[PDB]
Peer 1: 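Here it is: the structure, laid out below.
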Amino acid sequence: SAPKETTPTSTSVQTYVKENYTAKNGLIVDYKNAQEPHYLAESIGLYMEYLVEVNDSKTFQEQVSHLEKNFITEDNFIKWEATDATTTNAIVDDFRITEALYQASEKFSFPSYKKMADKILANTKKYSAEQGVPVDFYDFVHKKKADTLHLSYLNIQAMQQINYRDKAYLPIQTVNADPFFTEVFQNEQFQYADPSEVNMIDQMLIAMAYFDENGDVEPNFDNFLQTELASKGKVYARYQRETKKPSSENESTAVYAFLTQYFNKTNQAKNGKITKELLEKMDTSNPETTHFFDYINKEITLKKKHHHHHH
């Protein structure tokens with residue numbers, strides 16, 4: 001059970017992850033030398049995504065093995081973190097992992113990755129949903145579904161791969177931003193995640209899902225992004241909803257990675273150049289203070305797509 005060994009485009013990230021973000025059992029940690037370490041399905045899925053992008057079948061399969069031995073239950077759920085006490089998935093992490101497996105099945109000519117993703121994703125659609133509409137998680141020990149959907153958990157590409165019913169998309173089809181998205185869908189209504197603050201990582205993920213499903217940007221959020229960049233040359237990590245002022249002047253690496261993706265998806269090439277330079281400016285080189293999420297989304301986004309001299 002191993003794909004043909006491929007020649008990666010680069011090995012430096014793999015070497016850096018092995019040296020700085022890997023615990024003794026081989027699992028990827030959120031911070032190096034953390035007092036409270038977390039071995040997240042999010043992290044292994046992002047690493048899997050990166051490894052497909054850089055054509056590294058050997059390291060990809062090593063990750064699939066860690067996934068099978070530490071995250072996947074006997075009924076084919078993916079624990080959102082690798083502890084015995086974890087009793088839930090997180091649909092956003094299932095979507096990411098199954099998407100990576102589908103892409104790897106093609107990239108590495110290995111059909112069993114596709115069949116593995118089929119099995120996991122069908123199970124996610126079946127159990128982490130209320131009447132066909134996704135919810136954040138299913139507790140597979142207590143056999144209870146979440147009663148919330150956070151829109152930042154939506155992965156439109158993954159949901160189309162497993163043919164969610166049309167009604168599953170009603171939340172992202174009908175959400176408004178003013179200028180921020182209501183992050184939570186519960187009891188067929190929208191609410192904000194926090195009484196006063198928005199997290200721009202979550203806001204960017206909603207904006208990208210909005211564009212992916214609806215084919216156009218939400219113009220209130222898009223205008224906020226444009227006016228922040230024009231007036232400040234930055235987009236901050238968190239904002240106060242009442243004032244629209246930043247909670248602090250802290251910036252977020254992941255926010256600039258997702259802004260770069262968003263501007264390139266929505267035909268905003270000048271803005272995408274601006275946020276690419278902001279992403280390069282962020283320092284992800286301290287593994288004790290750089291969450292793996294920030295480190296690896298910068299690496300993925302700077303590698304995602306010959307043409308310097310002429311087209």
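Nothing fancy with the numbering, it's 1 onward along the sequence. What's counted below: heavy atoms across the whole structure, side chains too, no hydrogens, waters or symmetry copies.
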Peer 1: So which heavy atom on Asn25 is nearest to which on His66, and how close?
Peer 2: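 Closest heavy-atom pair between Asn25 and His66: O-CE1, 3.8 Å.
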
Peer 1: If I compare all heavy atoms of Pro195 with all of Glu242, which pair ends up nearest, and what's the gap?
Peer 2: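 Closest approach of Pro195 to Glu242: O-OE2, 4.3 Å.
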
Peer 1: List the atom of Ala104, the atom of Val52, and the distance in Å for their closest heavy-atom pair.
Peer 2: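 Heavy-atom minimum between the residues: CB-CG2, 3.6 Å.
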
Peer 1: Where do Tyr256 and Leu278 come nearest, in terms of heavy atoms and distance?
Peer 2: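 So the two residues come closest at CE2-CD1, 3.6 Å.
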
Peer 1: Heavy atoms, side chains only, cut-off 4.5 Å: are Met116 and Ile72 in contact?
Peer 2: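 Yes, at least one pair of side-chain atoms sits under 4.5 Å.
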
Peer 1: Are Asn55 and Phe108 close enough that some pair of their side-chain heavy atoms sits under 4.5 Å apart?
Peer 2: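 Heavy-atom side-chain distance check passes, below 4.5 Å.
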
Peer 1: Is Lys58 salt-bridged to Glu62, going by a charged N under 4.0 Å from an acidic O?
Peer 2: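 So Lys58 pairs with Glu62 through a salt bridge.
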
Peer 1: Roughly how far, to the nearest 0.5 Å, is OG of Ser57 from NZ of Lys4?
Peer 2: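 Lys4 NZ to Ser57 OG: 9.5 Å, rounded to 0.5 Å.
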
Peer 1: Apply side chain to side chain contact (heavy atoms under 4.5 Å, CB included) to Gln203 and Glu183, showing your working.
Peer 2: CA-CA 8 Å; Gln203 293 286 320; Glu183 300 97 333; 3.1 Å; yes

Peer 1: Just by distance, with hydrogens left out, do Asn123 and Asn76 show a side-chain donor and acceptor under 3.5 Å apart?
Peer 2: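 No, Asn76 and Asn123 have no side-chain donor paired with an acceptor closer than 3.5 Å.
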
Peer 1: Given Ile206 and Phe180, is the side chain to side chain contact (heavy atoms under 4.5 Å, CB included) satisfied, shown in steps?
Peer 2: CA-CA 10 Å; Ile206 300 165; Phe180 307 108; over 6 Å; no

Peer 1: Determine, for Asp212 against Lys265, whether the closest basic-nitrogen to carboxylate-oxygen distance falls under 4.0 angstrom.
Peer 2: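 So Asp212 pairs with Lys265 through a salt bridge.
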
Peer 1: Should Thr260 and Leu302 count as side-chain neighbours, where that means a heavy-atom distance under 4.5 Å?
Peer 2: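 Result no, sub-4.5 Å side-chain heavy-atom pair not found.
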
Peer 1: Among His307, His308, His309, find the one that has a ring pair (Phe, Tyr, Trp, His ring centres under 6.0 Å) with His311.
Peer 2: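 Option passing the ring pair (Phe, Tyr, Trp, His ring centres under 6.0 Å) with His311: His307.
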
Peer 1: Say you draw a straight line from CZ of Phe258 to CG of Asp202; how long is it, rounded to the nearest 0.5 Å?
Peer 2: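 Reported value, rounded in 0.5 Å steps: 9.5 Å.
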
Peer 1: Any donor-acceptor pair under 3.5 Å linking the side-chain atoms of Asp136 with those of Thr148?
Peer 2: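 There is such a pair between these side chains.
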
Peer 1: Would the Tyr21 and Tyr295 ring centres measure less than 6.0 Å apart?
Peer 2: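 Yes.
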
Peer 1: Counting distance only, does the side-chain N/O of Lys79 pair as donor-acceptor with the main-chain N or O of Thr83 below 3.5 Å?
Peer 2: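 Between the backbone of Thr83 and the side chain of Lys79 there is a qualifying donor-acceptor contact (under 3.5 Å).
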
Peer 1: For the residue pair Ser252 and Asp294, establish whether any side-chain heavy-atom pair is separated by less than 4.5 Å.
Peer 2: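 A side-chain contact under 4.5 Å exists here.
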
Peer 1: Is it the case that more than 12 heavy atoms not belonging to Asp166 sit under 6.0 Å from its CG atom?
Peer 2: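 Open: at most 12 neighbouring heavy atoms sit under 6.0 Å from CG of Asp166.
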
Peer 1: Is the closest side-chain donor-acceptor distance between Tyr113 and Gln61 under 3.5 Å?
Peer 2: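 Yes, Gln61 and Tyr113 have a side-chain donor paired with an acceptor closer than 3.5 Å.
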
Peer 1: What class does the angle between the rings of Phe77 and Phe140 fall in, given that below 30° is parallel, 30 to 60° is tilted and above 60° is perpendicular?
Peer 2: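 Rings of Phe77 and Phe140: parallel, under 30°.
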
Peer 1: Looking at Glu280 and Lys276, does any basic side-chain N land under 4.0 Å from a carboxylate oxygen?
Peer 2: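 A salt bridge is present here (some side-chain N lies under 4.0 Å from a carboxylate O).
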
Peer 1: Side chains of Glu228 and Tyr239: is there a donor and an acceptor less than 3.5 Å apart?
Peer 2: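 Yes, because at least one side-chain N or O of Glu228 sits under 3.5 Å from a partner of the opposite role on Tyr239.
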
Peer 1: For the ring pair (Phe, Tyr, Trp, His ring centres under 6.0 Å) test, which of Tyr153, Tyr192, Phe190 pairs with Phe185?
Peer 2: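 Considering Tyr153, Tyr192, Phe190, a ring pair (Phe, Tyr, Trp, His ring centres under 6.0 Å) with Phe185 is found only for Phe190.
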
Peer 1: Would you check if the distance from the ring center of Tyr262 to the ring center of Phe211 is below 6.0 Å?
Peer 2: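 Centroid separation for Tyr262 and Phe211: 6.0 Å or greater.
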
Peer 1: Is there side-chain contact between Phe292 and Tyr47, with heavy atoms separated by less than 4.5 Å?
Peer 2: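 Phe292 vs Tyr47: side chains touch.
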
Peer 1: Please determine whether side chain to side chain contact (heavy atoms under 4.5 Å, CB included) holds for the pair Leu46 and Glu42, giving the CA-CA distance in whole Å, both sets of side-chain angles, and the decisive distance to 0.1 Å.
Peer 2: CA-CA 6 Å; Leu46 283 160; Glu42 174 182 82; 3.9 Å; yes

Peer 1: Show your reasoning for whether side chain to side chain donor-acceptor pair (under 3.5 Å) applies to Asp139 and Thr87.
Peer 2: CA-CA 5 Å; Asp139 191 308; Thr87 60; 2.8 Å; yes

Peer 1: Evaluate the side-chain proximity of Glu251 to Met200: yes if any heavy-atom separation is below 4.5 Å, no if none is.
Peer 2: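 They are not in contact (no side-chain heavy atoms under 4.5 Å apart), so the answer is no.
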
Peer 1: Any side-chain heavy-atom pair from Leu229 and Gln268 closer than 4.5 angstrom?
Peer 2: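 No. Closest side-chain heavy atoms not under 4.5 Å.
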
Peer 1: Side chains of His150 and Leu205, heavy atoms from C-beta outward: is any pair under 4.5 Å?
Peer 2: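 SC-SC contact between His150 and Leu205 ruled out.
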
Peer 1: Answer with yes or no whether the side chains of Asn220 and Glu218 bring together a donor and an acceptor at under 3.5 Å.
Peer 2: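 The criterion, which ignores hydrogens and geometry beyond distance, is satisfied for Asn220 and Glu218.
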
Peer 1: Please report the closest heavy-atom contact between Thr275 and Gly272, naming both atoms and the distance.
Peer 2: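 Taking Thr275 first and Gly272 second, the nearest heavy atoms are OG1-O, 3.4 Å.
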
Peer 1: Does a donor on one side chain sit under 3.5 Å from an acceptor on the other, for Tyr102 and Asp118?
Peer 2: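 Yes, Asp118 and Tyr102 have a side-chain donor paired with an acceptor closer than 3.5 Å.
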
Peer 1: Do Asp30 and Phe293 pass the side chain to side chain contact (heavy atoms under 4.5 Å, CB included) test, and can you show the C-alpha distance, the side-chain angles, and the key distance before you say yes or no?
Peer 2: CA-CA 7 Å; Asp30 53 344; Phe293 191 82; over 6 Å; no

Peer 1: When you check the side-chain N and O atoms of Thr182 and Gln191, is any donor under 3.5 Å from an acceptor?
Peer 2: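 Checked: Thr182/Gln191 side chains show no N/O donor-acceptor pair below 3.5 Å.
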
Peer 1: Can a side-chain donor-acceptor contact be found between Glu99 and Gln161 if the only test is distance below 3.5 angstrom?
Peer 2: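 No, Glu99 and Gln161 have no side-chain donor paired with an acceptor closer than 3.5 Å.
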
Peer 1: Could you measure the distance from the CG atom of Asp216 to the OH atom of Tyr210? Nearest 0.5 Å is fine.
Peer 2: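 Nearest 0.5 Å value for the CG-OH distance: 8.0 Å.
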
Peer 1: Determine the minimum heavy-atom distance between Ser128 and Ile91, stating which atoms define it.
Peer 2: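 Distance-wise, the nearest heavy atoms are OG-CG2, 3.1 Å.
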
Peer 1: Please tell me whether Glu197 and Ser247 have a donor and an acceptor in their side chains that are separated by less than 3.5 angstrom.
Peer 2: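 Judged by distance alone, the side chains do pair up.
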
Peer 1: Indicate whether the side chain of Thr301 and that of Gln261 have a donor and an acceptor atom separated by less than 3.5 Å.
Peer 2: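 Note: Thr301 and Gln261 side chains meet the donor-acceptor criterion.
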
